[PDB]
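Comments concern the structure below.
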Amino acid sequence: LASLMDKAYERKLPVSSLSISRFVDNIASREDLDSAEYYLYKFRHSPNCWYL
RNA sequence: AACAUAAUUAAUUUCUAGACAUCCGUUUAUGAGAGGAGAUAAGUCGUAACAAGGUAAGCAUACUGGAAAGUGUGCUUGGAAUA
Ligand SMILES: [K+]
Ligand SMILES: [K+]
Ligand SMILES: [K+]
Ligand SMILES: [Mg+2]
Ligand SMILES: [Mg+2]
Ligand SMILES: [Mg+2]
Ligand SMILES: [Mg+2]
Ligand SMILES: [Mg+2]
């Protein structure tokens, strides 16, 4: 899932609310939170920020 | 080359990338050298035309000649024509 979102930002394409939802749901470790925090930041600064 | 994301306010992105470089030609300038026309203006050689200009003149054309010009053939009068 990380790769999918990264490609979208590289191509300046909108990311789905379902995509960010799947990431947060499947957090399984303390380290994963740090990555999700970065992707929550990226989602906020993206065209579909309102749809969180 | 023209799709793909997204969508419980709604929008994002694509909506391209080469090759428009030479031209085939076309004008003008330059002019080795070879000619023409005109004027300069004392000359040279002849006297072709104007008088029946001393072989009437001229036209087209041909040949010939230092040069005007000469000769032929048909045509014209812008000549003459009684012995
Ligand atoms: K004569
Ligand atoms: K004479
Ligand atoms: K005469
Ligand atoms: Mg005579
Ligand atoms: Mg004579
Ligand atoms: Mg003649
Ligand atoms: Mg003769
Ligand atoms: Mg003779």
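Chain labels run A, B, ... following the order of the structure tokens; each chain numbers its residues from 1, and ligands are numbered from 1 in the order shown.
Any residue of chain B with an atom within 10 Å of chain A counts; using only C-alpha atoms (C1' of nucleotides), that gives residues 4, 5, 6, 7, 8, 9, 10, 11, 12 and 13 of chain B.
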Using only C-alpha atoms (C1' of nucleotides) and all ligand atoms, I'd like a table of the residues in chain B that come within 9 Å of ligand 7; for each, show the closest atom pair and its distance in Å rounded to one decimal, ordered by chain and ascending number, as a tab-separated table.
residue	atom	partner	partner_atom_place_in_ligand_line	distance
B:63	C1'	ligand 7	1 (Mg)	8.4
B:64	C1'	ligand 7	1 (Mg)	5.3
B:65	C1'	ligand 7	1 (Mg)	7.5
B:70	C1'	ligand 7	1 (Mg)	5.5
B:71	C1'	ligand 7	1 (Mg)	5.1
Could those residues be written to a file, using N, CA and C atoms (P, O5', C5', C4', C3', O3' and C1' of nucleotides), as a PDB file, in the first residue's frame?
ATOM      1  P     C B  63      24.552  37.490-101.625  1.00  0.00           P
ATOM      2  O5'   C B  63      25.731  37.900-102.614  1.00  0.00           O
ATOM      3  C5'   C B  63      26.119  37.047-103.680  1.00  0.00           C
ATOM      4  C4'   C B  63      26.742  37.820-104.813  1.00  0.00           C
ATOM      5  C3'   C B  63      27.961  38.659-104.468  1.00  0.00           C
ATOM      6  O3'   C B  63      29.153  37.904-104.362  1.00  0.00           O
ATOM      7  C1'   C B  63      26.490  39.925-105.810  1.00  0.00           C
ATOM      8  P     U B  64      30.317  38.381-103.363  1.00  0.00           P
ATOM      9  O5'   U B  64      30.897  39.701-104.043  1.00  0.00           O
ATOM     10  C5'   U B  64      31.527  39.638-105.315  1.00  0.00           C
ATOM     11  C4'   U B  64      31.807  41.006-105.886  1.00  0.00           C
ATOM     12  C3'   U B  64      32.598  41.962-105.011  1.00  0.00           C
ATOM     13  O3'   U B  64      33.988  41.690-104.993  1.00  0.00           O
ATOM     14  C1'   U B  64      30.771  43.107-105.965  1.00  0.00           C
ATOM     15  P     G B  65      34.843  41.959-103.659  1.00  0.00           P
ATOM     16  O5'   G B  65      35.094  43.533-103.669  1.00  0.00           O
ATOM     17  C5'   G B  65      35.922  44.121-104.659  1.00  0.00           C
ATOM     18  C4'   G B  65      35.709  45.609-104.776  1.00  0.00           C
ATOM     19  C3'   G B  65      36.131  46.457-103.591  1.00  0.00           C
ATOM     20  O3'   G B  65      37.531  46.668-103.519  1.00  0.00           O
ATOM     21  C1'   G B  65      34.025  47.189-104.381  1.00  0.00           C
ATOM     22  P     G B  70      25.857  54.531-107.973  1.00  0.00           P
ATOM     23  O5'   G B  70      26.494  53.249-108.674  1.00  0.00           O
ATOM     24  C5'   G B  70      27.629  53.370-109.517  1.00  0.00           C
ATOM     25  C4'   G B  70      28.177  52.022-109.916  1.00  0.00           C
ATOM     26  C3'   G B  70      27.205  51.078-110.600  1.00  0.00           C
ATOM     27  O3'   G B  70      27.047  51.355-111.981  1.00  0.00           O
ATOM     28  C1'   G B  70      28.392  49.911-108.922  1.00  0.00           C
ATOM     29  P     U B  71      25.610  51.193-112.677  1.00  0.00           P
ATOM     30  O5'   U B  71      25.414  49.617-112.789  1.00  0.00           O
ATOM     31  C5'   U B  71      26.261  48.842-113.621  1.00  0.00           C
ATOM     32  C4'   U B  71      26.072  47.362-113.400  1.00  0.00           C
ATOM     33  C3'   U B  71      24.647  46.844-113.472  1.00  0.00           C
ATOM     34  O3'   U B  71      24.155  46.695-114.790  1.00  0.00           O
ATOM     35  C1'   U B  71      25.691  45.944-111.571  1.00  0.00           C
TER      36        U B  71
END
Query - Protein and nucleic residues near ligand 1, 12 Å, only C-alpha atoms (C1' of nucleotides) and all ligand atoms, as a PyMOL selection string - result: chain B and resi 47-50+53-58+68-70
Query raised in the report: Near region 30-41 of chain A, counting only C-alpha atoms (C1' of nucleotides), which residues have an atom at most 10 Å away, once you skip same-chain residues fewer than 3 positions from it, shown as a ChimeraX atom specification?
Result: /A:2,5-6,20-21,23-27,44-46,49,52
Residues of the last selection are to be written out with C-alpha atoms, as an mmCIF file, in the first residue's frame.
data_model
loop_
_atom_site.group_PDB
_atom_site.id
_atom_site.type_symbol
_atom_site.label_atom_id
_atom_site.label_comp_id
_atom_site.auth_asym_id
_atom_site.auth_seq_id
_atom_site.Cartn_x
_atom_site.Cartn_y
_atom_site.Cartn_z
ATOM 1 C CA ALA A 2 2.898 2.362 0.717
ATOM 2 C CA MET A 5 0.392 6.070 -2.456
ATOM 3 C CA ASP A 6 4.000 7.043 -3.193
ATOM 4 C CA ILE A 20 -5.344 5.828 3.582
ATOM 5 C CA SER A 21 -8.057 4.012 5.540
ATOM 6 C CA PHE A 23 -3.104 1.777 5.860
ATOM 7 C CA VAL A 24 -4.243 2.937 9.304
ATOM 8 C CA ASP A 25 -6.359 -0.190 9.774
ATOM 9 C CA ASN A 26 -3.454 -2.586 9.143
ATOM 10 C CA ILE A 27 -0.975 -0.966 11.545
ATOM 11 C CA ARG A 44 -3.678 16.134 4.396
ATOM 12 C CA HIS A 45 -1.577 17.959 1.778
ATOM 13 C CA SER A 46 -3.274 16.257 -1.178
ATOM 14 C CA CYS A 49 -7.698 15.864 2.143
ATOM 15 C CA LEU A 52 -10.529 11.742 5.446
#
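DSSP annotation of region 11-46 of chain A from backbone atoms: alpha helix (DSSP H) residues are residues 17, 18, 19, 20, 21, 22, 23, 24, 25, 30, 31, 32, 33, 34, 35, 36, 37, 38, 39, 40, 41, 42, 43 and 44 of chain A.
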Requested in this report: Show me which residues sit within 9 Å of ligand 6 when counting only C-alpha atoms (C1' of nucleotides) and all ligand atoms, and put them as number ranges by chain.
Outcome: B: 59-61
Export of prior selection with N, CA, C and O atoms (P, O5', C5', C4', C3', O3' and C1' of nucleotides) as a PDB file, in the first residue's frame:
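That gives us part-v6.pdb:
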ATOM      1  P     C B  59      16.259  53.349-101.595  1.00  0.00           P
ATOM      2  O5'   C B  59      14.925  52.532-101.881  1.00  0.00           O
ATOM      3  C5'   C B  59      13.747  52.746-101.118  1.00  0.00           C
ATOM      4  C4'   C B  59      12.725  51.677-101.397  1.00  0.00           C
ATOM      5  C3'   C B  59      13.196  50.247-101.188  1.00  0.00           C
ATOM      6  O3'   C B  59      13.170  49.855 -99.829  1.00  0.00           O
ATOM      7  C1'   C B  59      12.091  50.405-103.265  1.00  0.00           C
ATOM      8  P     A B  60      14.380  49.010 -99.199  1.00  0.00           P
ATOM      9  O5'   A B  60      14.060  47.510 -99.614  1.00  0.00           O
ATOM     10  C5'   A B  60      12.889  46.861 -99.148  1.00  0.00           C
ATOM     11  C4'   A B  60      12.600  45.619 -99.945  1.00  0.00           C
ATOM     12  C3'   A B  60      13.754  44.644-100.068  1.00  0.00           C
ATOM     13  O3'   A B  60      13.915  43.828 -98.923  1.00  0.00           O
ATOM     14  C1'   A B  60      12.789  44.976-102.193  1.00  0.00           C
ATOM     15  P     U B  61      15.380  43.566 -98.326  1.00  0.00           P
ATOM     16  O5'   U B  61      16.036  42.563 -99.368  1.00  0.00           O
ATOM     17  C5'   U B  61      15.387  41.351 -99.705  1.00  0.00           C
ATOM     18  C4'   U B  61      15.953  40.756-100.966  1.00  0.00           C
ATOM     19  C3'   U B  61      17.463  40.595-101.001  1.00  0.00           C
ATOM     20  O3'   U B  61      17.907  39.434-100.321  1.00  0.00           O
ATOM     21  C1'   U B  61      16.730  41.581-103.018  1.00  0.00           C
TER      22        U B  61
END
Report summary line: As a check of understanding: the span from atom 1 (Mg, counted along the ligand's line) of ligand 5 to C1' of residue 66 (chain B) is 18.2 Å
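Separating CA of residue 29 (chain A) from CA of residue 10 (chain A) is a distance of 26.7 Å.
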Report summary line: re atom 1 (K, counted along the ligand's line) of ligand 3 and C1' of residue 79 (chain B): distance 6.4 Å
